[PDB]
Amino acid sequence: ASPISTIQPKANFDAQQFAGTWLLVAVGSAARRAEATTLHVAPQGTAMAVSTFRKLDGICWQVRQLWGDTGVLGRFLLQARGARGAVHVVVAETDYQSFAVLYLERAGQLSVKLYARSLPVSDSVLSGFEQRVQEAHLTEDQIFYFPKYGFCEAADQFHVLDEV
């Protein structure tokens with residue numbers, strides 16, 4: 010039924026190799049200002065503890081979440097408590113060392129995200145991501161590029177949102 014149910018996850022997805030810092034490069038979504053976004057991923061059993069840091073008007077904001085394991089390796093679930101609804105996530109493609117293509121589903125809508133260990137992203141990966149977006153029935157105009165400058169990865173106690 011759900012569009013993400015048919016998206017194939019990374020074979021034998023290894024959270025240990027996926028751990029660390031990832032930079033958000035772009036998002037393909039029919040939904041809807050992009051802020052420099054960094055993720056800090058840490059394995060927690062079968063789940064992954066994820067802190068997202070976003071730079072807004074010179075201030076770094078952190079959001080702590082727990083990506084729960086939904087059974088199949090590489091498939092995760094983000095809870096909903098006061099915001100909107102459940103978000104399903106699948107790490108579809110990654111080499112762990114340079115890029116990751118993730119798919120997300122919110123309210124039945126499928127989006128695609130590209131993350132990188134460092135900038136710039138290779139031409140092959142950028143083109144590959146574009147190909148995946150097209151295959152997801154989205155247009156190039158629905159691809160939003162995020163900042164390549166102004167990243168942050170540390171927030172003070174007054175700018176931390178714990179959703180766990």
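Under PDB author numbering, the residues of the sequence shown are numbered 10 to 41, 49 to 180, in order. By construction, the Cβ of each residue, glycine as well, lies at the ideal position given by its N, Cα and C atoms.
Around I13, the same chain offers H104, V106, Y119, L120, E121 and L126 as residues with beta carbons nearer than 8 Å, after the five sequence neighbours per side are excluded.
Contact check for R148 against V128 passes: the beta carbons are separated by less than 8 Å. Sorting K71, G144 and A39 by C-alpha distance to the C-alpha of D172 places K71 at the top.
Look at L142 here: in three-state DSSP terms it is helix. Put simply, the segment 21–34 touches the segment 54–62. At least three CB pairs are less than 8 Å apart. Straight-line spacing of the CA atoms in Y112 and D73 works out to 31 Å. From the listed residues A50, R100, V176 and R91, the smallest Cα separation to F162 is found for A50.
Boundaries for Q17: no beta strand (DSSP E) harbours it, and the DSSP string shows neither H nor E there. Cβ-Cβ separation between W83 and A63: approximately 6 Å, consistent with a contact (criterion under 8 Å).
Residue burial annotation: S134 is exposed, with fewer than 16 other C-beta atoms found within 10 angstroms of its C-beta.
The C-beta distance from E179 to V79 rounds to 7 Å, short enough to meet the 8 Å contact threshold. Taking the Cα of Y165 as reference, the smallest distance to any Cα among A24, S114, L33 and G90 is reached at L33.
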